[PDB]
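Asker: One structure, pasted below without further comment.
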Amino acid sequence: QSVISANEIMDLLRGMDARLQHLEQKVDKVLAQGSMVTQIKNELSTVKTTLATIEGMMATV
Amino acid sequence: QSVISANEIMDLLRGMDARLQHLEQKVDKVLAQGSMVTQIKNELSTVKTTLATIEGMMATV
Amino acid sequence: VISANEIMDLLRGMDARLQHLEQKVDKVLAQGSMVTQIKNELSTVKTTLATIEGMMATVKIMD
Amino acid sequence: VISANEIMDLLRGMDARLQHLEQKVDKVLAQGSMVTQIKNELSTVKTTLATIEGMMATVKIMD
C-alpha cells in the first residue's frame, strides 16, 4: 500500500484533467456560438433603422 | 386607392416593428445566457488550478 | 418603377421570415434551463475540489 | 485526518459530475446548427430590406 493508494488517486486526477480539457474545448465552442448571437443583435439594430427609413418614405408618399 | 395602398404598407411595416422588438427582447435573453457561459469558462480555469495543486500534494505524499 | 403590390408582397415575405427566425430564437432560449444547470453543477465541483484541497492540507493553529 | 479511500470516493464523485456536465454542454453545443441558421436568415432579411429601400428611392444619374 501507500504508494499504491497515491498512484490510484493520481489516476483519478489525470482522468479529471482530461475531462477538464474536453470541457474547455466544448465550452470554447459555445463561446464562439455566443459571438454570433452578438452579431445577430447587431443585425437587428440595422434592420430597425432600415424599417424606419422605409416608414419615413411611406409617410411622404 | 393611393392612400389605401400606403396605409396597408404602413400596417405591414408596423407589424414588422413589433416583431423586431420581440426578437430584440428574446435575443437580449440569449445574450444573458452567453454571459454565464463566460462564467462557466472561468470556473473551468479555476478547477484546473485546484486539480494541479492537489496533484502537487499527491506527488509529495 | 416598383408597385405598391410588389412592396406588400416583399414585406409579407420578410414578415414570415422574421416569424420563423423568432421560432428558432425561442428554441435556443429554451436551452437556458440547461446553461444554468451547467453553471450550478460546475460551481459545486469547483467548491468541492477547493474544499478537498483544504481538508488534505495540514494546518497548524494555536489558541 | 482524511483517508486515501475517502479522497478516491470524492474524486470519483467529482468525475461523475464532470461527465454529466459534459453531456449537458454537448446538448447546448448541438444548438449551434440553430444559431447559425438564425444569423443567416436574419442577414437575408437585412440585405433584402436595404435593397427594397434602394428600389423605392428615386435616383437621378447621367451619362
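So you can find residues: chains in the C-alpha cells are A, B, ... in the order shown, residues in each start at 1, and ligands are numbered from 1 in order.
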Need the shell around stretch 23-40 of chain A: protein/DNA/RNA residues with any atom at most 6 Å away, counting only C-alpha atoms. Skip same-chain ones fewer than 3 positions apart. Format as a CSV table (one decimal) with C-alpha atoms, in the first residue's frame?

Answerer:
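Contents of the output file result.csv:
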chain,number,residue,atom,x,y,z
A,20,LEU,CA,-11.5,19.3,-18.0
A,43,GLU,CA,-28.2,42.9,-37.5
B,34,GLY,CA,-23.9,33.8,-23.1
D,29,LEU,CA,-23.4,22.7,-28.5
D,39,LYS,CA,-27.7,34.5,-38.3

Asker: Find the residues near stretch 52-59 of chain C: any atom within 8 Å, counting only C-alpha atoms, skip ones fewer than 4 places away on the same chain, and give them as a ChimeraX atom specification.

Answerer: /B:50,53-54 /C:48 /D:1-2,7

Asker: Dump as JSON lines the rows for residues of chain D within 8 Å of chain C: closest atom pair and distance in Å with one decimal, only C-alpha atoms counted, ordered by chain and rising residue number.

Answerer:
{"residue": "D:1", "atom": "CA", "partner": "C:56", "partner_atom": "CA", "distance": 7.9}
{"residue": "D:2", "atom": "CA", "partner": "C:56", "partner_atom": "CA", "distance": 6.8}
{"residue": "D:7", "atom": "CA", "partner": "C:52", "partner_atom": "CA", "distance": 7.9}
{"residue": "D:14", "atom": "CA", "partner": "C:45", "partner_atom": "CA", "distance": 6.1}
{"residue": "D:17", "atom": "CA", "partner": "C:41", "partner_atom": "CA", "distance": 7.3}
{"residue": "D:18", "atom": "CA", "partner": "C:42", "partner_atom": "CA", "distance": 7.3}
{"residue": "D:21", "atom": "CA", "partner": "C:38", "partner_atom": "CA", "distance": 5.8}
{"residue": "D:24", "atom": "CA", "partner": "C:38", "partner_atom": "CA", "distance": 6.8}
{"residue": "D:25", "atom": "CA", "partner": "C:38", "partner_atom": "CA", "distance": 7.2}
{"residue": "D:28", "atom": "CA", "partner": "C:31", "partner_atom": "CA", "distance": 6.7}
{"residue": "D:31", "atom": "CA", "partner": "C:28", "partner_atom": "CA", "distance": 6.7}
{"residue": "D:34", "atom": "CA", "partner": "C:24", "partner_atom": "CA", "distance": 6.8}
{"residue": "D:35", "atom": "CA", "partner": "C:28", "partner_atom": "CA", "distance": 7.4}
{"residue": "D:38", "atom": "CA", "partner": "C:21", "partner_atom": "CA", "distance": 5.8}
{"residue": "D:41", "atom": "CA", "partner": "C:21", "partner_atom": "CA", "distance": 6.8}
{"residue": "D:42", "atom": "CA", "partner": "C:21", "partner_atom": "CA", "distance": 7.0}
{"residue": "D:45", "atom": "CA", "partner": "C:14", "partner_atom": "CA", "distance": 6.1}
{"residue": "D:49", "atom": "CA", "partner": "C:14", "partner_atom": "CA", "distance": 7.9}
{"residue": "D:52", "atom": "CA", "partner": "C:7", "partner_atom": "CA", "distance": 7.9}
{"residue": "D:55", "atom": "CA", "partner": "C:2", "partner_atom": "CA", "distance": 7.1}
{"residue": "D:56", "atom": "CA", "partner": "C:2", "partner_atom": "CA", "distance": 6.7}

Asker: Between atom CA of residue B:3 and atom CA of residue A:48, what distance in Å does the model show, to one decimal?

Answerer: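 Between atom CA of residue B:3 and atom CA of residue A:48 the gap is 23.9 Å.
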
Asker: Could you check the closest approach to chain C for each of A:10, A:44, A:4, A:52 and tell me which residue wins, using only C-alpha atoms?

Answerer: A:44

Asker: In chain D, what's alpha helix (DSSP H) per DSSP? Answer as a PyMOL selection string?

Answerer: chain D and resi 4-29+32-56

Asker: Could you check which of A:57, A:12, A:18, A:6 is closest to chain B, using only C-alpha atoms?

Answerer: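 Among the listed residues, A:6 lies closest to chain B.
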
Asker: Got a sec: who's within 10 Å of residue A:11, counting only C-alpha atoms, leaving out chain neighbours fewer than 6 positions off, as a list in words?

Answerer: residues 5 and 17 of chain A; 8 of chain D
